[PDB]
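Alright, here's a single protein chain in two forms, structure 1 and structure 2, each given by itself as structure tokens.
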Structure 1
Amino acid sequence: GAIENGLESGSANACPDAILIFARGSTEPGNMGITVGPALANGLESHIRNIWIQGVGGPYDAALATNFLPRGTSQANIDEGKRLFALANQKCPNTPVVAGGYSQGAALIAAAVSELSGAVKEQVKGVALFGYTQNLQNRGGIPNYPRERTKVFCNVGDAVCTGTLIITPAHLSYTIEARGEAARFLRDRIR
């Protein structure tokens, strides 16, 4: 499951119990990638059958180069994030939204969420970040968004969690957490 487009294809007359938006890591294929993303989608779908899963695609090509921009990805990538949260609130304003991101995707998701206002932000009930490349700069959180709704998985052995921009093997541990603890956290915020 590397590509998921359940929000872009879904009908506003069949809104689900929840919507998951996910941003993948640098170099990862499709719009979910092949590590943390499918594990989180699977974890969550095992607790909530009626769910739409949506990867962040469009301009987000998961390029290595974009990590070196302020906030850890490009503005066009952040804007695509924002567009998807807005589309969730237009189609399905009474449905809870949860979000996830891995590595560069975690930067994308943290920035997007920090710039939403009002009713679009309120609809976002939880966010799980894995290998958060802005962990130092943002002190383990998402600016302008409550800490009770945020769960950060940053292994102490993962270089990106202490400011060093390389692709690490820490996904091998994050996929276990995505399927378990992170899926439960997001389930609980949805419920």
Structure 2
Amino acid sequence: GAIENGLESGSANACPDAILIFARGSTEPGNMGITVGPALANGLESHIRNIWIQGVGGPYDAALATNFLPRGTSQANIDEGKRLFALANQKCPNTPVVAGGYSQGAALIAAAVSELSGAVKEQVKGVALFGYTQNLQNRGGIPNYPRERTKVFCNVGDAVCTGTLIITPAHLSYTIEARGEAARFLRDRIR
């Protein structure tokens, strides 16, 4: 963080050991944000040195209003996520992909992954979600995506996890989980 474009600017002659695609929370700066994104990128880089890191930018301006759409974000945003997954498959079809999302970015990634197709979906070895706004609606998981490849961090007092769009202090508190337990999970999923 706070801006990472490793996948967009990376060249197909120099594919890495892994690719991380991350969607930030509402109102966070850049395309990685400054809390969970960098923490996750950091933790994962400690286990896998040769890695491309990609924030979800483009139309995804992390607006407050878009939270109130069905599925927890706009289709434009979801589509930008899908684009990046497809670009990873085009550039580096043999490189494993992992993904992460925080708050509205979790909604984004969950939706995008669910709509992915066959080979491109298979490339996505693992997904970590934090303060998942559709946790109740999607019953703790991502539609059409193996539960064993999914890991959801939803703190106990975090009201978004129980179908309410309000922000408690628990929602602001995922950086340790992201750097530690979540990075280990995704590393494992890459082997």
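Only residues modelled in both forms are compared. Rigid core here is just the name for the largest C-alpha set that superposes within 1.5 Å across the two forms. Just so we're on the same page, residue numbers count up from 1 along structure 1's sequence.
Comparing C-alpha positions between the two structures after a rigid core fit, one residue in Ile166, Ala63, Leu69, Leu136 moves 2 angstroms or more. It is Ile166.
In the core-superposed comparison between the two structures, the CA atom of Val156 travels 1.4 Å. Aligning the rigid core between the two structures leaves the CA of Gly37 offset by 0.2 Å. Segments of at least three consecutive residues in which every Cα is displaced by 2 Å or more between the two structures, once the core is aligned, occur only at 166-173.
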